[PDB]
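Here is what each chain is made of, one letter per residue.
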Amino acid sequence: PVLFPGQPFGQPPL
Amino acid sequence: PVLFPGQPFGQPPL
Amino acid sequence: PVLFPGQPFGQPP
Amino acid sequence: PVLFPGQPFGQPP
Amino acid sequence: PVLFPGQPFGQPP
Amino acid sequence: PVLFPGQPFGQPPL
Amino acid sequence: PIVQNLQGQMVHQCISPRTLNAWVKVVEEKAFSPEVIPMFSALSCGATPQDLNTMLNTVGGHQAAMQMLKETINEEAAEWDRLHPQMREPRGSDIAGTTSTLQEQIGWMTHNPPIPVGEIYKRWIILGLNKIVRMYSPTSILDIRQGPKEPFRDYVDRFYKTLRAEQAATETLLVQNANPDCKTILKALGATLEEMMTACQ
Amino acid sequence: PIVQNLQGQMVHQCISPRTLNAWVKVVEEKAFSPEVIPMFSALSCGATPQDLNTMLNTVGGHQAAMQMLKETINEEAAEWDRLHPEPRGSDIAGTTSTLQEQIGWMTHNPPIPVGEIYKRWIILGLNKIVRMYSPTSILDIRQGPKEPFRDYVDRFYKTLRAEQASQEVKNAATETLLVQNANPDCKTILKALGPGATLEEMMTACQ
Amino acid sequence: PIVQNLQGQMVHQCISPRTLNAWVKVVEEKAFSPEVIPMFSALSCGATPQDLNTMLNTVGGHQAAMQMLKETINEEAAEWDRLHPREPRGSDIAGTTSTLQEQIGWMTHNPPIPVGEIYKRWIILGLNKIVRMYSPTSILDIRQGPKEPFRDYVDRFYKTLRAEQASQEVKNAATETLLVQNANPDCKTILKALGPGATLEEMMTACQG
Amino acid sequence: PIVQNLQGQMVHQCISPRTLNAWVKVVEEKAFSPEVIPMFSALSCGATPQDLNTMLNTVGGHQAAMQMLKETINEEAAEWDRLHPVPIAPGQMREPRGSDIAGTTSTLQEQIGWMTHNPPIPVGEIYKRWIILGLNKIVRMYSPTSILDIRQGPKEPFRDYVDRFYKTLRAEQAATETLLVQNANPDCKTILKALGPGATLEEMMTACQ
Amino acid sequence: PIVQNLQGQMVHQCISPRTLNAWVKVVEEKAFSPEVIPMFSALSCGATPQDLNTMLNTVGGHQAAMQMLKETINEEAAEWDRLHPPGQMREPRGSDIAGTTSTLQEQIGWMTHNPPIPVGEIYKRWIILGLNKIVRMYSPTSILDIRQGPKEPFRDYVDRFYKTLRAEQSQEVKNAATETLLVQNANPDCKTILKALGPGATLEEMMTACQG
Amino acid sequence: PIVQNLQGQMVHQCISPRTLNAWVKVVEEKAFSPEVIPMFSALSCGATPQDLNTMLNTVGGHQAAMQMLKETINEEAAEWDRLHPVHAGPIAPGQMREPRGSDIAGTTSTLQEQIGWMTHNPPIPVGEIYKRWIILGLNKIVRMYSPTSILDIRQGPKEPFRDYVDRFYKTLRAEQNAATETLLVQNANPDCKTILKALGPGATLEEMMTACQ
Ligand SMILES: O=P(O)(O)O[C@H]1[C@H](OP(=O)(O)O)[C@@H](OP(=O)(O)O)[C@H](OP(=O)(O)O)[C@@H](OP(=O)(O)O)[C@H]1OP(=O)(O)O
Ligand SMILES: O=P(O)(O)O[C@H]1[C@H](OP(=O)(O)O)[C@@H](OP(=O)(O)O)[C@H](OP(=O)(O)O)[C@@H](OP(=O)(O)O)[C@H]1OP(=O)(O)O
Ligand SMILES: [Cl-]
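Residues numbered from 1 in each chain as written, not as in the entry; some residues may be left out. Chains lettered and ligands numbered in written order. Heavy atoms only, no water. Residues with missing side-chain atoms left out of burial classes, pairs and counts.

Method of determination for the deposited model, per the PDB record: X-ray crystallography, at 2.81 Å resolution.

Here we take up the overall build of chain L. Along chain L, the regular secondary structure elements total 11 helices and 2 strands. When the helices and strands of chain L are listed from N to C terminus, the series reads β-β-α-α-α-α-α-α-α-α-α-α-α. Compactness check: chain L gives a C-alpha radius of gyration of 23 Å against a globular reference of 17 Å for 213 residues, more than 25% above the reference. Projected onto its principal axes, the C-alpha positions of chain L cover 75 × 35 × 35 Å. (Helix = DSSP H or I, 4+ residues; strand = E, 2+ residues; numbered from the N terminus. Rg over C-alpha atoms; globule rule 2.2 N^0.38 Å.)

Bringing the site of ligand 2 into the picture now. In the neighbourhood of ligand 2, the contacting residues comprise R18 of chain H, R18 of chain I together with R18 of chain L. In this structure, ligand 2 sits where chains H, I and L come together, each supplying nearby residues. Here an oxygen atom of ligand 2 sits 2.5 Å away from a polar atom, N or O, in the side chain of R18 of chain L. Look at ligand 2: alone it shows 680 Å² of surface, and the protein chains cover 29% of it. (Near = heavy atom within 4 Å. Polar contact = N/O pair within 3.5 Å; in protein donor to acceptor, adjacent residues only side chain to side chain. Areas by Shrake-Rupley, 256 points an atom, 1.4 Å probe, with all protein chains shown as cover.)

All right, on to the environment of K70 of chain I then. As for its placement among the helices and strands, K70 of chain I is situated in helix α4 (residues 63–83). Residue class for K70 of chain I comes out buried when judged on its relative accessible area of 5%. With 49 residues separating them along the chain, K70 of chain I and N21 of chain I place their C-alpha atoms 22 Å apart. Those residues in contact with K70 of chain I, other than ones at most four positions away along the chain, are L3, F4, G6, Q7 and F9 of chain A together with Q63 of chain I. (Buried < 20%, exposed > 50% of the residue type's maximum accessible area, 1.4 Å probe, protein only. Contact = heavy atoms within 4.5 Å.)

Contact residues are listed per partner, giving 30 residues for chain J and 26 residues for chain H. Looking at the side of chain J that touches chain H, the elements with two or more residues in it are β2 (10–12), α1 (17–30), α3 (49–57), α4 (63–83) and α7 (123–141) of chain J. Top contributing element to the side of chain J that touches chain H by residue count: α4 of chain J, with 7 residues. Looking at the side of chain J that touches chain H residue by residue, the classes come out as 13 nonpolar, 11 polar and 6 charged. (Nonpolar A, V, L, I, M, F, W, Y, C, P; charged D, E, K, R; others polar.)

Residues separated by three or four positions in an α-helix point in the same direction, a consequence of the helix having 3.6 residues per turn. Taking 1.5 Å per residue as the helical rise, α1 of chain J with its 14 residues ought to reach 20 Å, and the 20 Å between its terminal C-alpha atoms agrees with that figure. On its buried face, α1 of chain J is in contact with α1 (17–29) and α2 (36–43) of chain H, α2 (36–43) and α3 of chain J together with α1 (17–30) of chain L. Following α1 of chain J by one or two positions, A31 of chain J adopts a phi angle in the positive range, close to 40°. (Expected span 1.5 Å × (residues − 1).)

This part covers the interface of chain E and chain L. With 13 residues of chain E at the contact, the number on the chain L side is 17 residues. Of the roughly 1100 Å² buried at the junction of chain E and chain L (both faces included), carbon and sulfur atoms supply 65%. Contact with chain L buries area across many residues of chain E, yet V2, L3 and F9 of chain E alone supply 65% of it, more than any other trio. For the pair chain E and chain L, the number of links is 0 salt bridges. Taken together, the connections running from chain E to chain L amount to 4 residue pairs in polar contact. For the side of chain E that touches chain L, the class distribution of residues is 9 nonpolar, 4 polar and no charged. (Buried area = accessible area lost by both parts, 1.4 Å probe. Salt bridge = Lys/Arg side-chain N within 4 Å of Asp/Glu carboxyl O.)

This brings us to the pattern of salt bridges. Evaluation of the coordinates by the stated rule reveals 56 salt bridges over all chains. Between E75 of chain H and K128 of chain H there is a salt bridge, with its nearest N and O atoms 3.8 Å apart. Given a relative accessible area of 38%, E75 of chain H falls into the partly exposed group. You can call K128 of chain H partly exposed: its relative accessible area is 22%. Between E121 of chain K and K124 of chain K there is a salt bridge, with the nearest N and O atoms lying 3.1 Å from each other. Highlighted residues: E121 of chain K and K124 of chain K, both in helix α7 (residues 119–137), separated by 3 residues, approximately one helical turn. With relative accessibility at 33%, the residue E121 of chain K sits in the partly exposed group. With a relative accessible area of 7%, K124 of chain K lands in the buried category. Salt bridges sharing partners connect three or more residues here, namely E29, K30 and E35 of chain H together with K25 and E28 of chain J.

Right, let's talk about the site of ligand 1 for a bit. Every residue lining ligand 1 is accounted for by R18 and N21 of chain I together with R18 of chain J. With respect to ligand 1, its neighbouring residues span chains I and J. A distance of 3.0 Å separates an oxygen atom of ligand 1 from a polar atom in the side chain of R18 of chain J. Taking 690 Å² as the accessible area of ligand 1 by itself, protein coverage stands at 23%.

The subject of this paragraph is the arrangement of the chains. A gap remains between chain B and chain D, with no contact made and the closest C-alpha atoms lying 28 Å from each other. At the level of C-alpha atoms, the two units chain C and chain D stay apart, their nearest approach being 50 Å.

Next up on the list: the packing of aromatic side chains. For the coordinates displayed, the defined rule picks out 41 aromatic pairs over all chains. Plain terms: the ring middles of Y118 of chain H and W121 of chain H are 6.2 Å apart, the flat faces sit at 85° to each other, and that makes the pair edge-to-face. In this pair, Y118 of chain H and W121 of chain H both sit in helix α7 (residues 114–133), 3 residues apart, roughly one turn of the helix. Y118 of chain H sits in the buried class, given a relative accessible area of 0%. A network of ring pairs unites the aromatic residues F152, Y155, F159 and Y160 of chain G as a single cluster. Over the ring of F9 of chain B we find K70 of chain H; its NZ or CZ atom is 5.5 Å from the centre of that ring. Its end group placed over the ring of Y142 of chain J, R150 of chain H keeps NZ or CZ at 4.4 Å from the ring centre. (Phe/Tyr/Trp six-rings, centres within 6.5 Å; stacked < 30°, edge-to-face > 60°. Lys NZ or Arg CZ within 6 Å of the ring centre and 35° of its normal.)

Below, the discussion takes up the packing of α2 of chain J against α1 of chain L. Close contact between α2 of chain J and α1 of chain L brings their axes to 10 Å; oriented N to C, the two are set at 155°. For the element pair α2 of chain J / α1 of chain L, the angle class is roughly antiparallel. Every pair of crossing elements has a handedness; the one defined by α2 of chain J and α1 of chain L is right-handed. Along its contact with α2 of chain J, which presents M39, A42 and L43 of chain J, the element α1 of chain L presents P17, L20 and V24 of chain L. For the contact of α2 of chain J with α1 of chain L, the per-class residue count stands at 6 nonpolar, no polar and no charged. (Axes fitted to C-alpha atoms, helices over the stretch in contact; angles between N-to-C directions. Parallel < 35°, antiparallel > 145°, perpendicular 65-115°, else oblique. Left-handed = near helix turned anticlockwise from the far one by under 90°.)

Moving on: the state of the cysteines. Under the counting rule described, the total for this entry stands at 12 disulfides over all chains. There is a disulfide in this structure between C45 of chain G and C14 of chain H, and the S-S distance comes to 2.0 Å. Where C45 of chain G bonds to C14 of chain H through sulfur, the torsion about that S-S bond is close to -75°, and the disulfide is left-handed. With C45 of chain G in the loop between α2 (36–43) and α3 (49–57) and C14 of chain H in the loop between β2 (10–12) and α1, this residue pair bridges two chains. Assessed through its relative accessible area of 22%, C45 of chain G is described here as partly exposed. There is a disulfide in this structure between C45 of chain H and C14 of chain J, and the S-S distance comes to 2.0 Å. Looking down the S-S bond of the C45 of chain H and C14 of chain J bridge, the torsion is -75°, so its handedness is left-handed. Residue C45 of chain H is located in the loop between α2 and α3 (49–57), and its partner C14 of chain J is located in the loop between β2 and α1; the two belong to separate chains. For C45 of chain H, a relative accessible area of 22% corresponds to the partly exposed category. (Disulfide = S-S within 2.5 Å.)

Okay, here's the thing in structure tokens:
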């Protein structure tokens, strides 16, 4: 998933 | 007459 | 018809 | 007498 | 003194 | 410390 | 919309945030009173068809009117194809923005000579909005009569406001339906409205 | 309107949402009070005939006033056609003229100010409207027994502004009616000040 | 956004305080009413993926909605990666793995890769889902009632019809059978006297008294 | 007004809706309080005579003040005429008569010419200087209180008193060396004297908290 | 901020009254709700360290949070310094990034240099980092406490859930919490439905499944 | 103000009506609360001495503060004059004359003279110098008008720790230093106080606030 539940839009992973 | 009653300002003729 | 009833304006077919 | 009493500002005589 | 009491800021003396 | 309690952000030192 | 830059060139610009808000607010405040139409026309100055559709689509509520609007746009577009069957001229749906892209619309409007699909589409919409104003007019002009104590000014206001929404015959009817005491003073003139209003002030 | 850009050339601009509501709100807030005319003129800075028509058509209500205004426009245009047997009256009033015909005439050299000409007509009808709606005569302004002279002078020239004659009548008003209709406490001081006294001196004398 | 300057060049521009405020307020006032979607589309005119993410992130509340929105973006981006193999991958369009000048890169290129318009399309699809799920009334429940003016009823009908966003054949079938069928007795009889194929304004004029 | 564009030449620009409304609201909300004058001067930054007349003319009411103002413009304009007598050489512009600075007998184009000329003939700033002189006279005629009538109340905090003192002193337009201390509370008055002459107002005001 | 002009060169510009006022009002109206963070970041688009301090200094009130913010800026600066020791330009110390020790000209210099040192974006990253701490602390509810009322509509609960989850924020607890906690803390009638769908049910499928 | 235009030349532009109103409202709304100072400084970004004088003169009321403000300007100008004896005499072609204290304050300088100094190469920041005097005086005013002393902020028996810390650092800001982390724990709730002492010294404010959550 590009977006994980509860993390902001455009939030880069890890 | 350029403008007729109840017709808008600048309304074209005919 | 360009717009069918209940479709938004500018909606593509 | 550039302006007379009761005449608006800048009004040409 | 540049400014005197009761005259506006930037007021020429 | 760059910022001290009660002094404004960006306040220069000394 | 399409505005012009530093040179003679016409460039596309996003719809303004004030515009977007003023149009939504004008519909909430003045509903379909007649003065909304020129307000729309001015807010849509330089608009592309997409812009017009955005403005229309931003309207929440009034969906009865908005369907009436689609029916009028459909009528005008089929009418366009009946009179208009270098550049590829646009089909009716191209003007209403359903089958044309923004770059296609920009193309027609920035051409020389331009094919003003925005101004044409606006013409259609204004035609539909004027139909709505007539429908929402609560009273017909054949029903506004001067009250006996009512000042002739307040009556004329009510008269031409009603005539505007209903969109010689007015000259006959206005003086004929004044209260009896002003009616004879206006009848004695036999004449500009200014002369009539001072005659009954 | 036709405004000047940053390269020194007159180009057409859309009427802004801000000018439009500025005009709509002045009319809603003020029933053709005298100061509406200068607001209109300022709000219509650089306006084309089309724009002027836009400003007028946005007025909701006041349709009596708008209908009178149209008739003034009729007459002023009808008179233009006689003096001029090229823009015809109907072109300046924007009924038979296109935006591009209008933009052309206004950016011509020598310019043909069809915007300023139409505005000249509209301002003229509006002035007719303020006079018709003027509530009070200058002859009814009399200083109250407990009314401060300032507030009376306020009432006097405010009324004089709406009942606009020609400065002969306005000066005949000032040099007689203002001093004559003051309350007898302040009135005697005005003659003691002497007839040539300035308005400022008169007000200090009755403070 | 990316707007055009005086030299004809596309340059990046900061999202304006006006646009930020208008989008926040429109959401606070109209929640997921259908007309919120075209407002978003206009307020995000020229938006970069970052800007769209800003607009969505400025929403306080509606986190059920925002979570469904994330799941649609997931759906659409995973579908993008299935259909596309430097070209942007799905996470780049959604702004999680792209930088601002990378986004500006794709959008100000010739030919442009409109990662902003592509992301926007994803967002609109999720917002459209929220409008239908949050639609308060079903079309079969819109009935005129004895004292309701036909206009106000037609308003309620097409408002409900817009929010439920059903297929065009079903919308037509709704207007063709349910609209006239659920009108009060005073108007239903007047509409039958007009006969088939009456236009909506013909119906609305017919039932104003 | 006459502004500077981007290619550095002084060009005429329409008075904005915002400046117009700003001036109307300042007169409505604050009438002729002393601080409306610098607001006027700032709202008319770069104004042509025509602009100033618009600004004055949009004022509804205050016609006593407005007439007092017209009479001041006369005196200043006649004084200009008596001191600047007034064909024209090709390079040059005709000379501005007093009525021309006030905008009664000059066209907007003549004004723009005078102001955009090199060296500039600042008919707007001269006209403004006249109007502000008339406005200052109005402010002092309408000042309700004399400086000699401000005395510190027994329960009144010293700041509230100094506020009242310099507020009224401002409106009247030195005579305040010892006028402030002499008209202070009996308890604060001796404290100020214990500081001695030459205490700063900060020293005086902290001393009577 | 430093923005690009209409002739293509990076120029410093005054912070606008609209932006200044926008920031004051959002802090006033919304204190430190999670969404104030994106509003700050966007309102400070292109900000110099001077600009960021001006925005922070304009906040009247919330001085406890502002003090926590000072302490986070402090930790980040002490951490920056412990990580960074011709005509080669002077790299910024932590206090330079924060604008206490550096001038506007110095700030512009780092930001418009080739290669740029984005002290504005770096200062912003710290401030955003401190603001996230503040949002976490001012969160009224813990995610574990959130339970669907016996008569509460499912959608309102999911709203409360992800609203609580967003302020809690790092990623570890949240992905598992969505997986386990949402279905687990639903009322007895919706939970047993949600379990019947299985893993890999979408939130959409879950919300129609409990719409009544 | 003096701003940089599309052609990159430092050019004068009028103070905008938005800025004028913004400054008037901030003073009306928030008087001399500490946050008014950075609000002024930002509202006068690029200001000429004239612009500063306009903004100050537009304030209706607060005449005690404005007069203290004048006395600060006086003090600051006299020290400028004593350190900058202008070399009176003919000035050299293509050079500006040197600015006296009253020139920086905008009383004896014209607008064009100010623009010359500010757009000079290198600029003479008379706008920035005046702003420094004015902000100096404004900060003296903020200290005097602060209503509560730091010694009077004590955590209420039912008052949340967060609201008490708020009141503390807010009143701490108005007066303008070592007594901070000491006094804060000392005036907390009898409940919260024993918790903060139990944490031990060296605690961060975040750490204390969670402890009394
Ligand atoms: O004074 P007005 O002409 O009636 O305009 C106001 C003004 O907006 P502008 O400064 O952009 O003209 C308000 O702002 P403030 O003076 O309070 O700073 C603004 O409120 P917001 O800043 O919250 O948007 C309000 O808008 P609204 O009616 O949505 O609250 C808007 O009115 P208009 O949009 O009708 O012009
Ligand atoms: O459309 P205008 O009447 O010419 O006014 C514009 C407009 O400001 P407003 O919307 O508050 O009237 C611009 O804002 P946007 O349309 O781009 O959102 C603003 O630009 P900024 O928001 O970047 O400040 C600009 O100001 P400026 O000329 O300093 O760039 C300002 O023009 P005016 O201050 O001359 O009215
Ligand atoms: Cl600057």
